[PDB]
Amino acid sequence: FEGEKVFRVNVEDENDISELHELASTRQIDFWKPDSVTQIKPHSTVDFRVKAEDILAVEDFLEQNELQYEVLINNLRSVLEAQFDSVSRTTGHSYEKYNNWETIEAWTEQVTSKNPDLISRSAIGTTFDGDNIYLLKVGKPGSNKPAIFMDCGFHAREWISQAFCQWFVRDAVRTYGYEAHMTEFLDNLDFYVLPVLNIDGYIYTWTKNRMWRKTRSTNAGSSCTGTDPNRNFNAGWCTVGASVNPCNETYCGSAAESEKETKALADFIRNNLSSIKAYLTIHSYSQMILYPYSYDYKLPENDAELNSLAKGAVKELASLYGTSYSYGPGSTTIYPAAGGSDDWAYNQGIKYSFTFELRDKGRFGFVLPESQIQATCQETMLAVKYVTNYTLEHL
Ligand SMILES: [Zn+2]
């Protein structure tokens, strides 16, 4: 990634957008936010990364076409090297460093051995490459308890996400029998934590390409690999904001629940549907909290409640470090996109469905350094406990 840059471009009107369709059709641009050219709306900003060889061609195009730009990241290489900056001496699992999957997979086992009373572990299926999808069920085991489902690592390159589901499990165990609310939550609820949905991708971002997002499944008729897991749900499946071309990053898959991974999660949730009261899905970057709908401009019945709950949670979050989040329904907060899990869980009847986009807001983007793991996870924990406490009192 030596000499590659990340740009922030502003787009004023629809001609600006169609000018960026022509750019994209001519250079290989990696869109960071939004996740495709097709999801840009006027009067907004677009973050994307450009290959070293393309830097001058793109800075001419923007200039010659009046697109006002800023260089977010001058050398991605540096940012990639600053990444692993944990002041931890440990070769194994740390909560304050980014763990590879071998290391995560062994952690799920160890943490279950060490806190058998509070933690239980399953494999809810197997990934494309045959990796096991582990789910941890966190709670004081009880007759007929309501649940909260939380997953991380749907998109391979959003590593802070993966880091969060681990932190959560560490706190849930540390503050049991010491923190009043956390002890009552684990008594009253179970938490289902799926620390990594897209394992195959995650390993690919470790081994080959840090910037990968999709699954690693093979596509018929093409040598292009992967579906976007957050387009592969049966919520308006592929009807807007999603491609049928497998070589796109927004490839919606060949059918709803075409991925093994997303079929496992969808099935697990459906089998438990009467317990699970809330659905939380952790992504990165940009500091937002989204709630349904993304597939449509229609508002959920619930809208006013979800809106106030989001506003409260984002108010909690900021307490610690002053971190600003924004929130709203996904379609107008961003742009319509079909097949996401939040919209699907909601349409299953789960009234409280959120996506969180953690830090930052583009200084590092996906390539957030290990040094910001902990602060990031502490403030999120504050929005997470708030909403848990909300749901508990509305069961
Ligand atoms: Zn994501």
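Being in a loop (DSSP other than H, G, I, E, B) and more than 15 Å from the chain's Cα centre (by Cα), is that true of even one residue in segment 370-390?
Looking through segment 370-390, none of the residues is in a loop (DSSP other than H, G, I, E, B) and more than 15 Å from the chain's Cα centre (by Cα).
So in segment 122-165, with the set limited to residues that are more than 16 Å from the ligand (Cβ to nearest atom) and small (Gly, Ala, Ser), which one is nearest to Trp212 (Cα to Cα)?
Only one residue tops the list, namely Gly130.
Mind listing just one residue for me: the one in segment 35-72 that is acidic (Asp, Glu) and assigned to a loop (DSSP other than H, G, I, E, B) and, of those, farthest from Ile334 (Cα to Cα)?
This residue is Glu66.
In segment 183-228, what residues are part of a loop (DSSP other than H, G, I, E, B), within 16 Å of the ligand (Cβ to nearest atom) and of a type in the set (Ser, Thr, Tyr)?
Across segment 183-228, the qualifying residues are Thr215, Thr227.
Quick one: which residue in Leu320, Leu273 is away from the ligand (no atom under 16 Å from the Cβ), outside any loop (DSSP other than H, G, I, E, B) and more than 21 Å from the chain's Cα centre (by Cα)?
Only one candidate passes the filter, namely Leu320.
With aliphatic (A, V, I, L, M), assigned to a loop (DSSP other than H, G, I, E, B) and within 24 Å of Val196 (Cα to Cα) as the only criterion, which of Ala338, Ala345, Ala278 stands out?
The conditions single out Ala338.
Look through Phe168, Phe149 and report the one residue that is outside any helix (DSSP H, G or I) and in contact with a helix residue (DSSP H, G or I) (Cβ under 8 Å, 6 or more places away or on another chain).
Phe149
Can you tell me which of (1) within 16 Å of the ligand (Cβ to nearest atom); (2) in a strand (DSSP E or B) is the one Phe364 doesn't meet?
(2)
Would you mention how many residues in segment 281-306 are within 16 Å of the ligand (Cβ to nearest atom) and part of a helix (DSSP H, G or I)?
Of the residues in that region, 0 qualify.
Which count do you get for residues in segment 76-86 that are outside any helix (DSSP H, G or I) and either surrounded by fewer than 16 Cβ atoms within 10 Å (Cβ to Cβ) or more than 29 Å from the chain's Cα centre (by Cα) (or both)?
Result for segment 76-86: 3.
Is there a residue being more than 26 Å from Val240 (Cα to Cα) and without any contact (Cβ under 8 Å) to a residue 40 or more places away in the chain anywhere in segment 272-290?
yes
Consider only pairs whose beta carbons are under 6 Å apart and that are at least six residues apart or on different chains; among these, list those whose first residue lies in segment 143-159 and is without any contact (Cβ under 8 Å) to a residue 40 or more places away in the chain and whose second residue is assigned to a loop (DSSP other than H, G, I, E, B) and within 16 Å of the ligand (Cβ to nearest atom).
Hits for this filter: zero, empty list.
The numbers here are math on the coordinates, done by the rules we state, and not lab data. Note that each Cβ is placed from the backbone with ideal geometry, even for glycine, and that neighbours are counted across all protein chains shown.
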